[PDB]
Amino acid sequence: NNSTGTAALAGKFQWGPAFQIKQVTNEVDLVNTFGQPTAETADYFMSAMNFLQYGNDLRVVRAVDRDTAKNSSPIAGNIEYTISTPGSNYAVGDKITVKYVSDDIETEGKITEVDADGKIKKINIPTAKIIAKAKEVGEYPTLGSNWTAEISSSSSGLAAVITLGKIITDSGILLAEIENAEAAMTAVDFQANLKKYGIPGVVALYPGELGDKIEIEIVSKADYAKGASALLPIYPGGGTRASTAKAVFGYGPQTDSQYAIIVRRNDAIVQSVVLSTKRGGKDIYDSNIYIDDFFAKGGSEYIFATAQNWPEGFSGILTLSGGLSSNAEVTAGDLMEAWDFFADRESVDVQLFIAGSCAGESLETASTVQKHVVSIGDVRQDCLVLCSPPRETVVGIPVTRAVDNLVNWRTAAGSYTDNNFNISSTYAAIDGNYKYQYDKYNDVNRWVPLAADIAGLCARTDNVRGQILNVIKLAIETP
């Protein structure tokens, strides 16, 4: 395609997919997918963006901390609670009351599952009011000490003991690759709470606080006819809200195990589908609409779900929260794990390697990541690992000091003996100052690794050096 200028980029982004070789072609198409540049993301958004200027195709891989990244979920609003002593002779809509020091805060809780003897098996306490009061008095999400829960005064039956913990802030789920896809959606620990708080397994598709803006609306074949009147409840916040299902769908839920799903971000009805919890079942087109499969195959850009522990006849409003992409602490290695996705010609045909994108990171990682990226093009020898200097070394100081630094770094010598870049590949193209662009998003002038740019400048000229596009200043010039 002029010799198939396929770039390759890996780094931290505001939005997943995490650890996936998702391909990108437009700017407005990468924003859609990994979108705005945060002050922790900048140099990677730019890296891509100002490449797609000379760019046909870009293959990226988002680096997430696997240990602390989180996909927004419906678990992450609820409130710890443990039925210390199941009562007896209780029933199902017996109301529960959460007090703050003998003072009523929430009074809309309610037992929701008993057995034959009235032994309390499951309850549901809305947290809208309490997290409010709790935030308001420093006890968030700690809680516990002055926070108490009693039953109606009273339900038919007696003896019970509910014990309150903290406000759960761990969404309890992270989706990365798809080999693990619903396998994380089906972890004892996760699936556990989906039972405990009687909700379905519906989570945001990509790690990130950006997922908190999603709001699923679920209606079953049951409350679908009453679709207008049916007053869907809101988990975990509380309160209700008139359904909308029949007022958005023509083709309504067919079988009793089919549900209407309406996904919203910012009041926008981002997606609208009908799915089934029973394998095989299809729409009027023999399209397998069994939940687990539908999503298993790029079914939805926004969310991801699993029929497992999906409450029968469940209808309500799910509120995703606790969503948490942490670039906060993506370790250098967490980057190298990512880059590795390209280290075999068997798998990915990628011609160029944007590497300078780490220019800004911890000087150490600035060097050791790239250094390693070179050792991927080296061992594969179907590419160009192009690489740029660390901001530290080139942007602040005057040229006098500037060059001294660069040459020391390229060997060992003075200050950068340790974090050197002392390698020598015929595939290694290093990258020689650092560019000063304007950031149409944050609306600020910003220094970015120049390598990202020259790489697109290659996909161009011949097959894979002529002024660069959007520069407005270079660290050194020229002369």
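Numbers and lists here come from the model and the stated rules, or from a named source; these are not laboratory values. Ideal geometry is used to build each Cβ from the backbone, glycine not excepted, and the neighbour counts take in all protein chains shown.
Tell me, please, whether a residue that is β-branched (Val, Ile, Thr) and closer than 20 Å to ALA338 by Cβ can be found in region 381-390. Checked region 381-390: at least one residue is β-branched (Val, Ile, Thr) and closer than 20 Å to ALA338 by Cβ.
Residues in region 202-228 that are within 28 Å of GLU40 (Cα to Cα) and among the basic types (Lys, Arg): 1 in all. Taken together, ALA42, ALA63 contain a single residue that is hydrophobic (A, V, I, L, M, F, W, C), in contact with a helix residue (DSSP H, G or I) (Cβ under 9 Å, 6 or more places away or on another chain) and within 19 Å of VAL448 (Cα to Cα), which is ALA63. Put simply, of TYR436, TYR416, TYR427 the only residue that is under 25 Å from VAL31 (Cα atoms) and of a type outside the set (A, V, I, L, M, F, W, C) is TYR436. Residues that are on the phi > 0 side of the Ramachandran plot, part of a loop (DSSP other than H, G, I, E, B) and in contact with a helix residue (DSSP H, G or I) (Cβ under 8 Å, 6 or more places away or on another chain) do occur in region 404-416, at least one of them.
For region 423-479, filtered to residues that are among the acidic types (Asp, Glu) and surrounded by 12 or more Cβ atoms within 10 Å (Cβ to Cβ), the residue that is nearest to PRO389 (Cα to Cα) is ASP431. Residues of region 97-115 that are surrounded by 15 or more Cβ atoms within 10 Å (Cβ to Cβ) and over 16 Å from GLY239 (Cβ atoms): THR97, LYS99, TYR100, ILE111, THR112, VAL114. Which of the residues belonging to region 329-350 are of a type in the set (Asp, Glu), outside any helix (DSSP H, G or I) and either within 23 Å of the chain's Cα centre (by Cα) or under 19 Å from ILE430 (Cα atoms) (or both)? Result: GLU329, single match.
All conditions in (1) over 20 Å from the mean Cα position of the chain (by Cα); (2) farther than 26 Å from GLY201 by Cβ hold for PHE45, with the sole exception of (1). Mind listing whichever residues of region 282-329 are of a type in the set (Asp, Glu) and at positive phi? If the condition is that a residue be of a type in the set (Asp, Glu) and at positive phi, then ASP286 is the only one that fits. Being assigned to a loop (DSSP other than H, G, I, E, B), out of contact with any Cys (no Cβ under 7 Å at 6 or more places or on another chain) and either farther than 18 Å from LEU335 by Cβ or not hydrophobic (A, V, I, L, M, F, W, C) (or both) holds for only one residue in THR33, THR68, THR82, and it is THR68. For region 264-301, a residue qualifies if it is part of a strand (DSSP E or B), loosely packed, with under 15 Cβ neighbours inside 10 Å and of a type in the set (D, E, K, R), and exactly one does: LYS282.
Being part of a strand (DSSP E or B) and under 22 Å from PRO17 (Cβ atoms) is the filter here; which residues of region 302-317 pass it? Once the filter is applied, which keeps residues that are part of a strand (DSSP E or B) and under 22 Å from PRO17 (Cβ atoms), region 302-317 yields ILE303, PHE304, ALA305, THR306. Here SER73, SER88 are screened, and the one residue that is crowded, with 22+ Cβ neighbours inside 10 Å and not assigned by CATH to the domain that holds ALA459 is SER73. Restricting region 351-398 to residues that are among the β-branched types (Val, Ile, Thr) and part of a loop (DSSP other than H, G, I, E, B) leaves a set whose member that is nearest to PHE45 (Cα to Cα) is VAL395.
In this structure, does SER84 turn out to be of a type in the set (S, T, N, Q) and either in contact with a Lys or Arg (Cβ under 7 Å, 6 or more places away or on another chain) or over 30 Å from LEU352 (Cβ atoms) (or both)? Judged against the criteria, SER84 is a match.
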